[PDB]
Structures are given as structure tokens and as C-alpha cells.
Amino acid sequence: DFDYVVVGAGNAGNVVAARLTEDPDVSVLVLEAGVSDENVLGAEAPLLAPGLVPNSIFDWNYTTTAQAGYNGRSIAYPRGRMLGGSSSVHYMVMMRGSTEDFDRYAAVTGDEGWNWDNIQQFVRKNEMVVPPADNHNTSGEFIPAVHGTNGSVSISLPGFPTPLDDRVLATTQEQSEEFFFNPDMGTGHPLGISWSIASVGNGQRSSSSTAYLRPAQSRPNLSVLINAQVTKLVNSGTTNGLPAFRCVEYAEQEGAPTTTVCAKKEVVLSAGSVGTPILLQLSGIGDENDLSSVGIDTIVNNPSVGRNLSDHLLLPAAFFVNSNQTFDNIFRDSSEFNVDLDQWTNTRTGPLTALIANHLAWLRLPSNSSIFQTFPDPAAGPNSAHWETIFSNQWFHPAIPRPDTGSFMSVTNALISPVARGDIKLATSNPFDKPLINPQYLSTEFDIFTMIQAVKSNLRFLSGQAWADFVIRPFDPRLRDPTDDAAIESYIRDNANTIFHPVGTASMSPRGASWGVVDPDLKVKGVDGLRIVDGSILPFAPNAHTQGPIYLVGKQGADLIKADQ
Ligand SMILES: Cc1cc2nc3c(=O)[nH]c(=O)nc-3n(C[C@H](O)[C@H](O)[C@H](O)COP(=O)(O)OP(=O)(O)OC[C@H]3O[C@@H](n4cnc5c(N)ncnc54)[C@H](O)[C@@H]3O)c2cc1C
């Protein structure tokens, strides 16, 4: 049998599998619930990413419970269900977080190994900078010294330019008190307006399966099974005075017979922020009251399982623009799409290599904001963000289809420092039934107050000279008057959604602490022979879209595992 098993084949799970098998005497089995990523056009051409999920064979098809903060709406909660995990369906944007995120992870676990300086070594293992598809001069768009040159994931500057780029840059000069330029987020200082960097190499997706699992596939000590959903972690004995969890049961689908396999050393859960708590609950590790309400016997009582869920909420907003160079028609006119598909297929250049956004703004509330009279600042620290703004050359909205007429740019906000916390729980003890995902969006005065300010900021930005001949009007007339707080708040609660960055449902904490699910070396508290390496362990939302930090976790976690061999 195998030394390790390998719970999901995702953003962090593929790092662990590929790193452990560098040593030819260590065998790993990866169990992935989903299908192959191989020759899925929508997962290779960057521009086609938004279409892949939610309603599809590549998605788990999760939704949230009804949100009172969103006037009663449930929203889709997409997750990738295939080789590469969510790294095969994401928008490829790459950044690591602020220095304050990592120093706070160190301070709260007691382990200086997490921690901005000590983590930089993994950015170098993790990434290499390669040319943008259009091969433009990237001089002054990032700082080469703070990025990798030899690591596994290919990253680059935007591969196709847009009419927004020069206007964003001119706003950073016209409006520099509020919107100054940031040369590179890799400094650990996220604030300001920076050029996007994305996990794209040679005009296509660089994902965790392309970058780690595929090169490693010729190894005889690595084994990868797809269509293999783990349905139970099995309490396999008692070792080191604790219940041991080194066996798993897996099946192809509901109703099929289950296969049992064991690890000699450890089972590694890399099922992500939704997949990991629910699997623990299904195996009897979680809140005793919740488990017995659904007919499950508790083996380890730990109420932190599935709690402390943080996410970045999303606010979308489209504006009509005077332009024929937006990406909207690629999605409406088949001739145009096919001309750009041909160029992409033959040369890996043109519109299909384009990103969701070429520029990103990371922003704070004023130091004397009235909200601070009743909330302590929820930012990771004074050099970190309250919100983000993302500028796209088309219509972008997760819940409203692109209109048939009009050219658009969109201004999407993400709330980076929420006060809200939610949970993930079981509705039933059937591993094939969907979970109850309740992020509790806009359930605090800080969260709604900040999104109102975010909209006023968006409107000062679009009112600059650079936009005068370009922006015509908002798609939604509630975005016309920046002084009308009632109209703005109505807009936010009818439109806010998610930007897909859940963390925290299996939080790491100090050894012995009375909250958290894992120790700082990522071992499950109250159990022997089980380790968690994915997004679920991060105890706070970072200053980053979450592939960047999650790859660092995948990287320290592989080392943490080797250190106990
Ligand atoms: C539409 C969307 C857009 C996004 N946009 C971006 C972006 O631009 N940039 C960015 O940085 N982040 C983005 N994200 C964030 C990022 O993709 C995730 O935060 C991160 O990749 C997840 O890392 P992971 O290793 O925790 O989980 P995953 O990559 O989700 O992997 C978990 C794996 O576990 C498998 N699994 C789950 N349960 C089981 C089981 N019981 N048995 C077997 N297999 C199982 C899943 O099928 C999956 O393959 C996006 C995500 C989505 C859904």
C-alpha cells in the first residue's frame, strides 16, 4: 500500500502530491471526485474562464442558504470538480497577500514559519515569470526581484491590451491622493493601483495540474484516480494516544459500492474550504449536537469544524461605454468568436488570452471615517485593504446574463476585511447531498457601510477627465447620484454576490488552543495520522485572491510532511 493518500487533486493537493513524490521511495495516491481537465478549451483559453461554472459538469453545484443581508437571495457558490480543482476554473489572477496577513497568521498560531519573511522562499518554488502573449514590454509593470524565475507555475503580465489601460494609468496621475500607482503587490504592500499578474504561460492557463501533476505523471510512485469521491475518513485504530484516521472509503457516484484504501503514514485532506469541513463532519469529526441532529455518531467533538468561514463578498456594476473594442461581442457574435479562436489555436495570441481585468485598486477607508467610532479596524493591519476595485473591458455580473445590446466596462468591488463570519454544516448524513453554506454576508454595519463608500469611490474614479469621452452612464439608474445612500444601499443588497475566495472552515490555531481545527503544522487536533493542506486552514481573509496564498500553504505543507518522515 501507499505512504500517503491525497484527498482532493486541487490547487493545494497537487503541490503535496508532486512534492512528496520527488523522493522515489515515497508513494502517493491522489483521489479526485471530478473528471479530467485534459482538452477542455474553456479551461485552457483565459478569456473563456467565466463561462465554465456554475452550471455544469465541472462544478459541485453548491449554493448558499438564503441571505437576509441580500434581501433573501440564495446565490450560486461555484467550486471546481476536476483535475486541478478550482485552479482549473478560476480567473488566474496572482498575488500573495500583505506582509500583515502573514505576520498575523504567525502571531495567531505562535509559529513564525507562517510569516511574511519565512514564506518568500515558497513564492520562488511556486512560480516563474514568462512573457505575456502579445509579448509587450513589461518594464515598470512589476518588480522582477520580488517574483520567482524558476518555479512551477507560469505567471505573466496581461497578454492582450484593452482601451481601459491608458485611462486607468491617467487616473492614477489625475487622482493620485486617492488612486496612486503600485509597482507590484509582491512587495507585501497591496494598496494602490497595480497591473494584474495571472497564472498564464504561452497564452494559456497554468493550473496546479498542468504545473505539478502532469510533469509528475510518468513517476511510478505517483498514482492519480478520478471519478473517486471520498465518502468517509475511517477511524483505523489508536496511535500516539488518539483515534487514528488513516483509511478512506471512496465511490464513483451515489449508490455505487465503496472501495477502502489505507495510507502507511498520513491521509492529507486537500478538499478545500467547502469539501474539507463537510467530509470531516460525515466521518464524525465536528460539532456533536449538529452531527447527532443528522444521525451521525461523534468520534471527535470539535465545534470549530465548518465555523469561522470568511469570504470576499462581490459587488458588480456595469456602465455603458462609447467604444467598439470591449470584449462583449466575442460572446454574442459567432464570426467574431471563431476568428479569435483561430488566432488563439494557431499562435496563442489575441483576445482569448485576455484577463478578466488588466488593473486592480486596493483601498482603505479614511483614518477618521465615522465607522471607526464603533468598530475596531478589521484590516490585517494599517498597510492593508478594506476593499478592492477590479476594472473589466466588458460586462461582468455573476447573476445577471450579458444584455443583447450595449458595450460595457464593469467596476467590481470585493470586501477584503469583512467583520461577518459564517459556517458550513450538513443538512443530512448522505455524502452525496449538498451542504448548508451560510456566509452571513452584509450581516454587520461595518460591511454595508464599507460597500456604500466603495460605490462613492468608484463614482469619483469614473468622473475623471480620462473617462469623459468613454463612460456614458451606469446600467443601473441607482448608481446615478453618489449622494443618495438609500438608492446605493438598495443596489448593493439586490446585487452583491461572492468573488469565490472562502477560507477558515478548518482554521489553524496554537497546539492546545480551544478554537481551531488543526495545529500550526496542519495536523488535525484530537486525531492521529490526518493532515489538512488547502484553503480551509487560513484563519482570516487575505489581501489577495486566494490561489496565491493557497499555493504557499501547499508548499509549506509539503515541507511540514517531509519533516515528520
Ligand atoms: C469561478 C471561480 C473564480 C475564481 N477566481 C479566482 C482568481 O482569479 N484568482 C485566485 O487566486 N482565486 C480565484 N478563485 C479562488 C481559488 O480558485 C480558490 O480559492 C483555490 O484555488 C482553492 O484551493 P484548494 O486547494 O483549497 O481547493 P480546490 O482547488 O477547490 O480543490 C479541492 C479539490 O478537492 C476535490 N474534492 C472535494 N471533496 C472531495 C472528496 N470528498 N473526494 C474527492 N475529491 C474531493 C474537488 O473536486 C477539487 O478538485 C476562484 C474560484 C472560482 C470557483
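Residues numbered from 1 in each chain as written, not as in the entry; some residues may be left out. Heavy atoms only, no water.

Within the PDB entry, the label attached to the protein chain reads Aryl-alcohol oxidase, and the organism entered is Pleurotus eryngii. The UniProt entry for the protein chain carries the following comment under Sequence similarities (unreviewed entry): "Belongs to the GMC oxidoreductase family." Under the UniProt heading Cofactor (unreviewed entry), the note attached to the protein chain is "FAD". (UniProt positions renumbered as here; feature names shortened; annotations may be inferred.)

### A look at the site of the ligand
Close to the ligand lie 37 residues, the nearest being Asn-11, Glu-32, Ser-86, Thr-546 and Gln-547. Protein burial of the ligand: of its 1000 Å² of free accessible surface, 97% is covered by the chains. Within the residue set of the shell around the ligand, elements represented by two or more residues are β9 (229-234), α7 (272-282) and α12 (547-563). For the shell around the ligand, the residue count by class is 17 nonpolar, 16 polar and four charged. Two domains each donate at least three residues to the shell around the ligand, and these are domain 1 (1-40 + 79-129 + 208-306 + 501-565) and domain 2 (41-78 + 130-207 + 307-500). (Near = heavy atom within 4 Å. Areas by Shrake-Rupley, 256 points an atom, 1.4 Å probe, with all protein chains shown as cover. Helix = DSSP H or I, 4+ residues; strand = E, 2+ residues; numbered from the N terminus. Nonpolar A, V, L, I, M, F, W, Y, C, P; charged D, E, K, R; others polar. Domains from an automatic or database assignment.)

### Regarding the packing of helix α1 (residues 13-20) against α12
α12 packs onto α1 with a crossing angle of 40° between their chain directions and a minimal axis gap of 8 Å. When the axes of α1 and α12 are compared, the crossing they make is right-handed. Facing α1, whose interface residues are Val-15, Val-16, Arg-19 and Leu-20, α12 presents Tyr-551, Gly-554, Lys-555, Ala-558, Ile-561 and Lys-562. In the contact of α1 with α12, the residues fall into six nonpolar, one polar and three charged. (Axes fitted to C-alpha atoms, helices over the stretch in contact; angles between N-to-C directions. Left-handed = near helix turned anticlockwise from the far one by under 90°. Contact = heavy atoms within 4.5 Å.)

### Side note on helix α2 (residues 99-109)
Every buried residue of α2 is accounted for by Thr-99, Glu-100, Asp-101, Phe-102, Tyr-105, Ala-106 and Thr-109. Looking at the buried side of α2, the elements it contacts are α3 (116-126) and α12. Two residues or fewer past α2, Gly-110 is found with a positive phi of approximately 80°. (Buried < 20%, exposed > 50% of the residue type's maximum accessible area, 1.4 Å probe, protein only.)

### Things to note about the state of the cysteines
Scanning the model with the defined rule gives one disulfide in all. Each disulfide pairs two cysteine sulfurs, and for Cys-247 the partner residue is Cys-262, the sulfurs being separated by 2.2 Å. Handedness of the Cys-247-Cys-262 disulfide follows from its S-S torsion of about 110°: it is right-handed. Pair noted here: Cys-247 is in strand β12 (residues 247-251) and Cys-262 is in strand β13 (residues 259-269), with a separation of 15 residues, a long-range link. Classification of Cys-262 as partly exposed rests on a relative accessible area of 27%. (Disulfide = S-S within 2.5 Å.)

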